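What follows is a short report on a single structure.
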Amino acid sequence: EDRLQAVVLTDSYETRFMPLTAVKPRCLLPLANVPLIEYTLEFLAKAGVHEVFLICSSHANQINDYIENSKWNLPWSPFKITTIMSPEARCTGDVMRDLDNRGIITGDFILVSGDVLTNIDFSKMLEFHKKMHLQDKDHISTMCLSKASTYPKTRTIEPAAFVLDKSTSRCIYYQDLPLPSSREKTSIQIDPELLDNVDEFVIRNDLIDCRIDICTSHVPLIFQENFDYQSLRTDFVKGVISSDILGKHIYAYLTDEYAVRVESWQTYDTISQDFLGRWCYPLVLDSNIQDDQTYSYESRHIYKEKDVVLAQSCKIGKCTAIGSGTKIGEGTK
Amino acid sequence: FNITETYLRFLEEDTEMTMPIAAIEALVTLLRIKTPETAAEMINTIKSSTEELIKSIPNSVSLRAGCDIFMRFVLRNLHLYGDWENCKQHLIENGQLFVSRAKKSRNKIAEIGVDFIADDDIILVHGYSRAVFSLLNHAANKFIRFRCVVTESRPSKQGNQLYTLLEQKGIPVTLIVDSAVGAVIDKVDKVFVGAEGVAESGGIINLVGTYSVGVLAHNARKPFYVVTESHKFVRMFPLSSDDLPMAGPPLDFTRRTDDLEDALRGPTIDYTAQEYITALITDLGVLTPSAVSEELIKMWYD
């Protein structure tokens, strides 16, 4: 059960952020005055990772220097970081074949695309992955899911519809829809090959993507075998389901608690407002993870670090955070 | 050689040389002339000079308290039955070292007692002590947000004096009368006070309206503060609400007058009980309730 290795997909969703990612990398950008990687690394440490892998090509030098300065190059760290240097801008499938050629994957490995902040304990996830792997031999990868904000009417970038089992929690279909932004398409066609094998069909759009994966040793061998697969969700999951290799299973995990992957600007804005609020119970500014952080919680959701300078007769609002060594003038809201 | 005359010479000075610390320094100078080798010749003449000082006192309490601590230190010197000369040299030197300790204590408190004033808190300040104002100034030096409300105390008009000293710093203020002081306790976070003395019981010896402040704050449940330098402790136990050492009037009722001359007379110094004080601040740590008495028991060994 022990010894766990992780692979992080960086250089993945660049230029998806339109004005930025020009000089400095995607994941260097701060959410709450602290880099996005730091959140992911904290999730790795809480999960129990012994060996860390990172995928850097574009602005790779700045990433490597940041890891040099990081809290994990120091000997006491539970994990060690090794960077993968690849050709500039390639699909996830191409990187998977590169890693299989190098051959470091042992048993069960971890793959995360993008940077995700979640308060969900991973120890439960590992156990249920292992329990379901002991159920049948040909079982592959694990997917995370969380319940949405009642209706996803504001969420347009992630229109992923999931068809799931009530008994075994196996995914059946993945579909993207333009619906509310572009009223053009309405139809969704589903394969009727798995009708009586499941019986208890459950179709949901009210679930948020996470793109966090627990994967077996089968995965890198399949990527090299079928080099036509470029993506990991849109074509790959659907390809696995639609009788590519008969008798192969993939997991879908439901969790009540908060887990949202960063992808767009207006999603980033909501996650940030959720972090300022007490949505992520452990993940709060006051606990201080970067060690240099000296944030203190104040009532009405107001965050202030040490050495905060403020002018007299100034009003502060709700769900606000201010860094260290900061000066503010009069008449400010 | 005189001691009352030496204390009278401090007119335009003050501020740095605190009123008791200047009287203690005057006690050491009078000691070091006529040989501290003899304990019969010197101590008796020191006792006579303190008695002459008390007889010349109009409305001061702290000078009597400061004498006690001096005496105590003198007696404690040769408690090790040490050389009647190195013990003496250490006693004479502990006069300038006593005044130097007033600076070190103020350096301690102004970093400890800034913690009590939180993010954006409106303060109603009453009285004037060098410790409380030093907290107020070195919090402004710490760049912290606080509002200030001035109480119209009536001894030698202290409110106006306090208001002008707050103007020289750069902190927004307005005059509040001690009559209307009840109507302020809702827009005030915390109430602060500077004391003339702190009781054996745990109560306070203060100015022309401080008990009244203490009770109103107890009604409004809003905190009540006492901040001072640790030398204003007497073995005094004011048993009742209106009993204090006085040279002038303990409430006098005058006859029928037409020219209007005999009027003013009211209790200029008033006591408040132990229950009304929420917090007390000195250089001797952060302590309030039974702490004062334990200090006095430790000193007096009785």
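In the structure tokens, each chain is lettered A, B, ... as it comes, each chain's residues begin at 1, and ligands are numbered from 1 in order of appearance.
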Residue hits in chain B, query chain A, radius 10 Å, only C-alpha atoms, as an MDAnalysis selection string = chainID B and resid 119:120 142:147 171:172
Could you write out the selected residues, including N, CA, C and O atoms, as a PDB file, in the first residue's frame?
```pdb
ATOM      1  N   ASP B 119      -7.161  46.124  15.853  1.00  0.00           N
ATOM      2  CA  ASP B 119      -7.430  46.750  14.554  1.00  0.00           C
ATOM      3  C   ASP B 119      -8.687  47.616  14.593  1.00  0.00           C
ATOM      4  O   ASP B 119      -9.802  47.105  14.789  1.00  0.00           O
ATOM      5  N   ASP B 120      -8.476  48.922  14.409  1.00  0.00           N
ATOM      6  CA  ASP B 120      -9.521  49.957  14.382  1.00  0.00           C
ATOM      7  C   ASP B 120     -10.434  49.925  15.611  1.00  0.00           C
ATOM      8  O   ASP B 120     -11.551  49.383  15.569  1.00  0.00           O
ATOM      9  N   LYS B 142       4.106  52.305  15.570  1.00  0.00           N
ATOM     10  CA  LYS B 142       3.892  50.955  15.036  1.00  0.00           C
ATOM     11  C   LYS B 142       2.952  50.931  13.827  1.00  0.00           C
ATOM     12  O   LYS B 142       2.744  49.873  13.221  1.00  0.00           O
ATOM     13  N   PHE B 143       2.411  52.104  13.485  1.00  0.00           N
ATOM     14  CA  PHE B 143       1.478  52.315  12.363  1.00  0.00           C
ATOM     15  C   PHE B 143       0.181  51.510  12.525  1.00  0.00           C
ATOM     16  O   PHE B 143      -0.197  50.724  11.650  1.00  0.00           O
ATOM     17  N   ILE B 144      -0.491  51.721  13.654  1.00  0.00           N
ATOM     18  CA  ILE B 144      -1.750  51.028  13.972  1.00  0.00           C
ATOM     19  C   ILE B 144      -2.906  52.036  13.996  1.00  0.00           C
ATOM     20  O   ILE B 144      -2.725  53.193  14.367  1.00  0.00           O
ATOM     21  N   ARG B 145      -4.083  51.567  13.587  1.00  0.00           N
ATOM     22  CA  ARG B 145      -5.295  52.378  13.464  1.00  0.00           C
ATOM     23  C   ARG B 145      -6.079  52.437  14.777  1.00  0.00           C
ATOM     24  O   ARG B 145      -6.497  51.411  15.299  1.00  0.00           O
ATOM     25  N   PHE B 146      -6.251  53.652  15.304  1.00  0.00           N
ATOM     26  CA  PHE B 146      -7.021  53.902  16.532  1.00  0.00           C
ATOM     27  C   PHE B 146      -7.589  55.325  16.579  1.00  0.00           C
ATOM     28  O   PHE B 146      -6.929  56.285  16.170  1.00  0.00           O
ATOM     29  N   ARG B 147      -8.818  55.438  17.072  1.00  0.00           N
ATOM     30  CA  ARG B 147      -9.472  56.724  17.287  1.00  0.00           C
ATOM     31  C   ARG B 147      -9.391  57.095  18.771  1.00  0.00           C
ATOM     32  O   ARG B 147      -9.269  56.213  19.628  1.00  0.00           O
ATOM     33  N   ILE B 171      -3.256  62.445  15.639  1.00  0.00           N
ATOM     34  CA  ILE B 171      -4.343  61.494  15.900  1.00  0.00           C
ATOM     35  C   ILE B 171      -5.650  62.292  16.129  1.00  0.00           C
ATOM     36  O   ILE B 171      -5.684  63.169  17.005  1.00  0.00           O
ATOM     37  N   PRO B 172      -6.717  62.004  15.331  1.00  0.00           N
ATOM     38  CA  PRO B 172      -8.002  62.742  15.383  1.00  0.00           C
ATOM     39  C   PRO B 172      -8.727  62.647  16.723  1.00  0.00           C
ATOM     40  O   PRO B 172      -8.896  61.551  17.264  1.00  0.00           O
TER      41      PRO B 172
END
```
Give me every alpha helix (DSSP H) residue in region 75-255 of chain A, going by DSSP on the backbone, as a VMD selection string.
-> chain A and resid 92 to 102 123 to 133 195 to 198 218 to 225 236 to 241
For residue 285 (chain A), please output as a CSV table (one decimal) with N, CA and C atoms, in the first residue's frame all residues within 8 Å (counting only C-alpha atoms; exclusion window: fewer than 4 positions along the same chain).
```csv
chain,number,residue,atom,x,y,z
A,32,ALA,N,-3.9,33.0,-4.0
A,32,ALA,CA,-4.0,33.8,-2.8
A,32,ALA,C,-2.6,34.2,-2.4
A,295,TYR,N,-0.2,35.2,7.9
A,295,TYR,CA,-1.6,35.6,7.8
A,295,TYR,C,-2.4,35.3,9.1
A,296,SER,N,-3.3,36.3,9.5
A,296,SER,CA,-4.1,36.1,10.6
A,296,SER,C,-5.6,36.4,10.3
A,297,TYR,N,-6.4,35.5,10.8
A,297,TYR,CA,-7.9,35.6,10.5
A,297,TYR,C,-8.5,36.7,11.4
A,303,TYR,N,-8.7,39.0,5.9
A,303,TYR,CA,-7.3,38.5,6.1
A,303,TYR,C,-6.3,39.6,6.1
```
Tell me, as number ranges by chain, which residues lie within 7 Å of region 65-70 of chain B, counting only C-alpha atoms; anything in the same chain fewer than 4 positions away does not count.
-> B: 20, 24, 74, 231-234
Among listed residues B:52, B:14, B:5, B:243, nearest residue 272 (chain B) (using only C-alpha atoms) |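 Closest to residue 272 (chain B), using only C-alpha atoms: B:243.
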Residues at most 7 Å from region 215-228 of chain A, counting only C-alpha atoms, excluding those fewer than 3 positions away in the same chain, as number ranges by chain?
-> A: 93, 96-97, 100, 105-110, 140-142
Same residues, N, CA, C and O atoms, output as an mmCIF file, in the first residue's frame:
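Result saved to result12.cif:
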```cif
data_model
loop_
_atom_site.group_PDB
_atom_site.id
_atom_site.type_symbol
_atom_site.label_atom_id
_atom_site.label_comp_id
_atom_site.auth_asym_id
_atom_site.auth_seq_id
_atom_site.Cartn_x
_atom_site.Cartn_y
_atom_site.Cartn_z
ATOM 1 N N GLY A 93 -0.729 12.614 -24.661
ATOM 2 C CA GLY A 93 -0.394 11.301 -25.212
ATOM 3 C C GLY A 93 1.074 11.142 -25.558
ATOM 4 O O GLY A 93 1.658 10.079 -25.327
ATOM 5 N N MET A 96 3.113 10.770 -22.351
ATOM 6 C CA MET A 96 2.869 9.420 -21.813
ATOM 7 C C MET A 96 3.760 8.350 -22.432
ATOM 8 O O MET A 96 4.218 7.441 -21.737
ATOM 9 N N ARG A 97 3.992 8.474 -23.739
ATOM 10 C CA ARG A 97 4.876 7.575 -24.487
ATOM 11 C C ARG A 97 6.347 7.825 -24.140
ATOM 12 O O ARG A 97 7.138 6.876 -24.098
ATOM 13 N N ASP A 100 6.997 6.224 -20.650
ATOM 14 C CA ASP A 100 7.011 4.764 -20.786
ATOM 15 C C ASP A 100 8.313 4.259 -21.414
ATOM 16 O O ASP A 100 8.787 3.170 -21.074
ATOM 17 N N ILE A 105 7.656 4.076 -14.055
ATOM 18 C CA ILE A 105 6.340 3.712 -13.506
ATOM 19 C C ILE A 105 6.348 2.329 -12.846
ATOM 20 O O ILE A 105 6.679 1.322 -13.484
ATOM 21 N N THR A 106 5.990 2.314 -11.562
ATOM 22 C CA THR A 106 5.909 1.091 -10.764
ATOM 23 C C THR A 106 4.566 0.996 -10.042
ATOM 24 O O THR A 106 4.210 1.887 -9.267
ATOM 25 N N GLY A 107 3.833 -0.085 -10.316
ATOM 26 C CA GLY A 107 2.546 -0.378 -9.677
ATOM 27 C C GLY A 107 1.461 0.643 -9.970
ATOM 28 O O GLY A 107 1.011 0.767 -11.112
ATOM 29 N N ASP A 108 1.049 1.365 -8.925
ATOM 30 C CA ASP A 108 0.045 2.427 -9.025
ATOM 31 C C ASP A 108 0.687 3.812 -8.961
ATOM 32 O O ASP A 108 1.359 4.154 -7.982
ATOM 33 N N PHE A 109 0.479 4.595 -10.021
ATOM 34 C CA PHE A 109 1.001 5.961 -10.106
ATOM 35 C C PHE A 109 -0.104 7.010 -10.190
ATOM 36 O O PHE A 109 -1.269 6.684 -10.448
ATOM 37 N N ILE A 110 0.284 8.266 -9.973
ATOM 38 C CA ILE A 110 -0.652 9.385 -9.915
ATOM 39 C C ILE A 110 -0.394 10.360 -11.058
ATOM 40 O O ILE A 110 0.755 10.662 -11.377
ATOM 41 N N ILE A 140 -8.480 -0.169 -14.640
ATOM 42 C CA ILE A 140 -7.470 0.802 -15.086
ATOM 43 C C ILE A 140 -7.320 2.033 -14.168
ATOM 44 O O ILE A 140 -6.543 1.997 -13.212
ATOM 45 N N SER A 141 -8.069 3.100 -14.458
ATOM 46 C CA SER A 141 -7.845 4.417 -13.847
ATOM 47 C C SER A 141 -9.022 4.940 -13.019
ATOM 48 O O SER A 141 -10.167 4.512 -13.202
ATOM 49 N N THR A 142 -8.714 5.874 -12.118
ATOM 50 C CA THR A 142 -9.691 6.468 -11.199
ATOM 51 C C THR A 142 -9.911 7.945 -11.515
ATOM 52 O O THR A 142 -8.950 8.677 -11.764
#
```
Could you pull out the strand (DSSP E or B) residues of region 81-281 of chain A, going by DSSP on the backbone, and write them as a PDB file with C-alpha atoms, in the first residue's frame?
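The new file out-v1.pdb reads:
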```pdb
ATOM      1  CA  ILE A  81      11.127  16.357  -7.472  1.00  0.00           C
ATOM      2  CA  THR A  82      12.502  15.257 -10.867  1.00  0.00           C
ATOM      3  CA  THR A  83      11.679  17.359 -13.948  1.00  0.00           C
ATOM      4  CA  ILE A  84      10.875  15.962 -17.412  1.00  0.00           C
ATOM      5  CA  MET A  85      12.190  18.120 -20.275  1.00  0.00           C
ATOM      6  CA  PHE A 109       1.001   5.961 -10.106  1.00  0.00           C
ATOM      7  CA  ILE A 110      -0.652   9.385  -9.915  1.00  0.00           C
ATOM      8  CA  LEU A 111      -1.412  11.841 -12.715  1.00  0.00           C
ATOM      9  CA  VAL A 112      -2.851  15.347 -12.281  1.00  0.00           C
ATOM     10  CA  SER A 113      -3.549  17.712 -15.172  1.00  0.00           C
ATOM     11  CA  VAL A 116      -6.402  21.515  -8.136  1.00  0.00           C
ATOM     12  CA  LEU A 117      -7.079  22.696  -4.561  1.00  0.00           C
ATOM     13  CA  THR A 118      -9.243  20.371  -2.515  1.00  0.00           C
ATOM     14  CA  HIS A 139      -9.262  -2.383 -14.026  1.00  0.00           C
ATOM     15  CA  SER A 141      -7.845   4.417 -13.847  1.00  0.00           C
ATOM     16  CA  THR A 142      -9.691   6.468 -11.199  1.00  0.00           C
ATOM     17  CA  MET A 143     -11.542   9.768 -11.734  1.00  0.00           C
ATOM     18  CA  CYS A 144     -12.639  12.360  -9.150  1.00  0.00           C
ATOM     19  CA  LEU A 145     -15.946  14.237  -9.138  1.00  0.00           C
ATOM     20  CA  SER A 146     -17.691  16.759  -6.878  1.00  0.00           C
ATOM     21  CA  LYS A 147     -21.245  18.143  -6.594  1.00  0.00           C
ATOM     22  CA  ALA A 161     -22.223  15.211 -18.924  1.00  0.00           C
ATOM     23  CA  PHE A 162     -21.565  11.956 -17.077  1.00  0.00           C
ATOM     24  CA  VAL A 163     -23.482   8.695 -17.243  1.00  0.00           C
ATOM     25  CA  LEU A 164     -22.796   6.643 -14.122  1.00  0.00           C
ATOM     26  CA  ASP A 165     -23.653   3.342 -12.427  1.00  0.00           C
ATOM     27  CA  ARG A 170     -18.524   3.132 -13.734  1.00  0.00           C
ATOM     28  CA  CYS A 171     -18.538   5.938 -16.323  1.00  0.00           C
ATOM     29  CA  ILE A 172     -20.354   5.300 -19.618  1.00  0.00           C
ATOM     30  CA  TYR A 173     -20.334   8.578 -21.592  1.00  0.00           C
ATOM     31  CA  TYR A 174     -18.563  11.919 -21.875  1.00  0.00           C
ATOM     32  CA  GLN A 175     -20.092  14.837 -23.822  1.00  0.00           C
ATOM     33  CA  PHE A 201     -28.308   4.289 -15.661  1.00  0.00           C
ATOM     34  CA  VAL A 202     -27.806   7.713 -14.057  1.00  0.00           C
ATOM     35  CA  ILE A 203     -27.259  10.727 -16.348  1.00  0.00           C
ATOM     36  CA  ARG A 204     -25.846  13.874 -14.724  1.00  0.00           C
ATOM     37  CA  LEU A 207     -20.878  17.382 -11.566  1.00  0.00           C
ATOM     38  CA  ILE A 208     -17.592  19.309 -11.635  1.00  0.00           C
ATOM     39  CA  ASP A 209     -14.509  17.924 -13.370  1.00  0.00           C
ATOM     40  CA  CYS A 210     -11.333  17.450 -11.342  1.00  0.00           C
ATOM     41  CA  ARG A 211      -8.889  15.674 -13.710  1.00  0.00           C
ATOM     42  CA  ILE A 212      -7.072  13.929 -10.850  1.00  0.00           C
ATOM     43  CA  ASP A 213      -6.125  10.318 -11.583  1.00  0.00           C
ATOM     44  CA  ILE A 214      -5.005   7.185  -9.789  1.00  0.00           C
ATOM     45  CA  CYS A 215      -3.595   4.974 -12.542  1.00  0.00           C
ATOM     46  CA  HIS A 249     -13.037  -0.927 -16.356  1.00  0.00           C
ATOM     47  CA  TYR A 251     -13.642   4.424 -12.066  1.00  0.00           C
ATOM     48  CA  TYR A 253     -15.642   8.753  -7.731  1.00  0.00           C
ATOM     49  CA  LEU A 254     -18.359  10.925  -6.186  1.00  0.00           C
ATOM     50  CA  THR A 255     -17.467  13.259  -3.291  1.00  0.00           C
ATOM     51  CA  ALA A 259     -12.821  19.960  -5.448  1.00  0.00           C
ATOM     52  CA  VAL A 260     -12.436  22.302  -8.424  1.00  0.00           C
ATOM     53  CA  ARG A 261      -9.731  22.281 -11.104  1.00  0.00           C
TER      54      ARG A 261
END
```
Long-range neighbours of residue 17 (chain B) as a ChimeraX atom specification, 12 Å cut-off, only C-alpha atoms, 6 positions minimum in chain = /B:7,9-11,23-26,96,98-103,130
Leaving out residue 181 (chain B) and any residue of its chain fewer than 3 positions from it, which residues lie within 12 Å of it when counting only C-alpha atoms, given as a ChimeraX atom specification?
-> /B:124-126,149-153,175-178,184-188,191,209-210,212-217,220
Go ahead and save the residues from that selection, with N, CA and C atoms, as a PDB file, in the first residue's frame.
```pdb
ATOM      1  N   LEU B 124     -11.766  55.798  24.558  1.00  0.00           N
ATOM      2  CA  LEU B 124     -12.043  56.921  25.457  1.00  0.00           C
ATOM      3  C   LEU B 124     -11.001  56.913  26.574  1.00  0.00           C
ATOM      4  N   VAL B 125     -10.083  57.878  26.513  1.00  0.00           N
ATOM      5  CA  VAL B 125      -8.956  57.959  27.438  1.00  0.00           C
ATOM      6  C   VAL B 125      -9.263  58.967  28.545  1.00  0.00           C
ATOM      7  N   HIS B 126      -8.973  58.575  29.786  1.00  0.00           N
ATOM      8  CA  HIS B 126      -9.141  59.452  30.954  1.00  0.00           C
ATOM      9  C   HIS B 126      -7.887  59.549  31.820  1.00  0.00           C
ATOM     10  N   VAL B 149     -10.921  59.669  22.096  1.00  0.00           N
ATOM     11  CA  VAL B 149     -11.965  60.496  22.715  1.00  0.00           C
ATOM     12  C   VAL B 149     -11.409  61.089  24.013  1.00  0.00           C
ATOM     13  N   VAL B 150     -11.479  62.419  24.120  1.00  0.00           N
ATOM     14  CA  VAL B 150     -10.900  63.166  25.243  1.00  0.00           C
ATOM     15  C   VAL B 150     -11.953  63.449  26.310  1.00  0.00           C
ATOM     16  N   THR B 151     -11.629  63.105  27.562  1.00  0.00           N
ATOM     17  CA  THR B 151     -12.497  63.379  28.710  1.00  0.00           C
ATOM     18  C   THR B 151     -12.143  64.705  29.368  1.00  0.00           C
ATOM     19  N   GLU B 152     -13.167  65.503  29.659  1.00  0.00           N
ATOM     20  CA  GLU B 152     -12.983  66.814  30.268  1.00  0.00           C
ATOM     21  C   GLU B 152     -12.836  66.699  31.779  1.00  0.00           C
ATOM     22  N   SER B 153     -11.652  66.260  32.202  1.00  0.00           N
ATOM     23  CA  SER B 153     -11.297  66.180  33.614  1.00  0.00           C
ATOM     24  C   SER B 153     -11.042  67.580  34.163  1.00  0.00           C
ATOM     25  N   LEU B 175     -13.554  66.804  22.063  1.00  0.00           N
ATOM     26  CA  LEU B 175     -13.817  66.984  23.497  1.00  0.00           C
ATOM     27  C   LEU B 175     -15.135  66.393  23.948  1.00  0.00           C
ATOM     28  N   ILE B 176     -15.040  65.545  24.972  1.00  0.00           N
ATOM     29  CA  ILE B 176     -16.186  64.948  25.641  1.00  0.00           C
ATOM     30  C   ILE B 176     -16.163  65.345  27.121  1.00  0.00           C
ATOM     31  N   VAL B 177     -17.299  65.850  27.602  1.00  0.00           N
ATOM     32  CA  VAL B 177     -17.465  66.286  28.995  1.00  0.00           C
ATOM     33  C   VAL B 177     -17.767  65.071  29.887  1.00  0.00           C
ATOM     34  N   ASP B 178     -17.219  65.095  31.105  1.00  0.00           N
ATOM     35  CA  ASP B 178     -17.393  64.033  32.105  1.00  0.00           C
ATOM     36  C   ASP B 178     -18.839  63.841  32.593  1.00  0.00           C
ATOM     37  N   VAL B 184     -21.464  58.163  25.800  1.00  0.00           N
ATOM     38  CA  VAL B 184     -20.402  57.842  24.842  1.00  0.00           C
ATOM     39  C   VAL B 184     -20.144  56.336  24.754  1.00  0.00           C
ATOM     40  N   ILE B 185     -20.521  55.617  25.806  1.00  0.00           N
ATOM     41  CA  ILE B 185     -20.203  54.185  25.938  1.00  0.00           C
ATOM     42  C   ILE B 185     -21.115  53.296  25.084  1.00  0.00           C
ATOM     43  N   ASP B 186     -20.906  53.366  23.771  1.00  0.00           N
ATOM     44  CA  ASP B 186     -21.584  52.554  22.753  1.00  0.00           C
ATOM     45  C   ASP B 186     -20.793  52.645  21.453  1.00  0.00           C
ATOM     46  N   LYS B 187     -20.205  53.819  21.230  1.00  0.00           N
ATOM     47  CA  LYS B 187     -19.309  54.100  20.113  1.00  0.00           C
ATOM     48  C   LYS B 187     -17.837  54.039  20.572  1.00  0.00           C
ATOM     49  N   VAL B 188     -17.625  53.555  21.798  1.00  0.00           N
ATOM     50  CA  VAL B 188     -16.296  53.374  22.383  1.00  0.00           C
ATOM     51  C   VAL B 188     -16.021  51.884  22.586  1.00  0.00           C
ATOM     52  N   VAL B 191     -12.079  51.683  27.345  1.00  0.00           N
ATOM     53  CA  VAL B 191     -11.823  52.830  28.233  1.00  0.00           C
ATOM     54  C   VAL B 191     -10.496  52.629  28.967  1.00  0.00           C
ATOM     55  N   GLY B 209     -12.706  62.332  38.648  1.00  0.00           N
ATOM     56  CA  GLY B 209     -13.829  61.498  38.172  1.00  0.00           C
ATOM     57  C   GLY B 209     -13.341  60.247  37.475  1.00  0.00           C
ATOM     58  N   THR B 210     -13.169  59.171  38.232  1.00  0.00           N
ATOM     59  CA  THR B 210     -12.628  57.896  37.719  1.00  0.00           C
ATOM     60  C   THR B 210     -13.435  56.688  38.156  1.00  0.00           C
ATOM     61  N   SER B 212     -16.674  56.977  38.791  1.00  0.00           N
ATOM     62  CA  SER B 212     -17.836  57.232  37.929  1.00  0.00           C
ATOM     63  C   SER B 212     -17.683  56.605  36.536  1.00  0.00           C
ATOM     64  N   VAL B 213     -16.449  56.645  36.016  1.00  0.00           N
ATOM     65  CA  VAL B 213     -16.085  56.025  34.740  1.00  0.00           C
ATOM     66  C   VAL B 213     -16.109  54.506  34.872  1.00  0.00           C
ATOM     67  N   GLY B 214     -15.569  54.012  35.989  1.00  0.00           N
ATOM     68  CA  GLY B 214     -15.489  52.582  36.277  1.00  0.00           C
ATOM     69  C   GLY B 214     -16.815  51.882  36.390  1.00  0.00           C
ATOM     70  N   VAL B 215     -17.775  52.559  37.016  1.00  0.00           N
ATOM     71  CA  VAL B 215     -19.105  51.993  37.231  1.00  0.00           C
ATOM     72  C   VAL B 215     -19.915  51.954  35.934  1.00  0.00           C
ATOM     73  N   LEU B 216     -19.903  53.069  35.194  1.00  0.00           N
ATOM     74  CA  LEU B 216     -20.597  53.176  33.908  1.00  0.00           C
ATOM     75  C   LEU B 216     -20.126  52.141  32.904  1.00  0.00           C
ATOM     76  N   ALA B 217     -18.821  51.901  32.895  1.00  0.00           N
ATOM     77  CA  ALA B 217     -18.205  50.879  32.056  1.00  0.00           C
ATOM     78  C   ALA B 217     -18.600  49.480  32.491  1.00  0.00           C
ATOM     79  N   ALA B 220     -22.080  49.064  31.069  1.00  0.00           N
ATOM     80  CA  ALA B 220     -22.028  48.864  29.623  1.00  0.00           C
ATOM     81  C   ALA B 220     -21.186  47.644  29.207  1.00  0.00           C
TER      82      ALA B 220
END
```
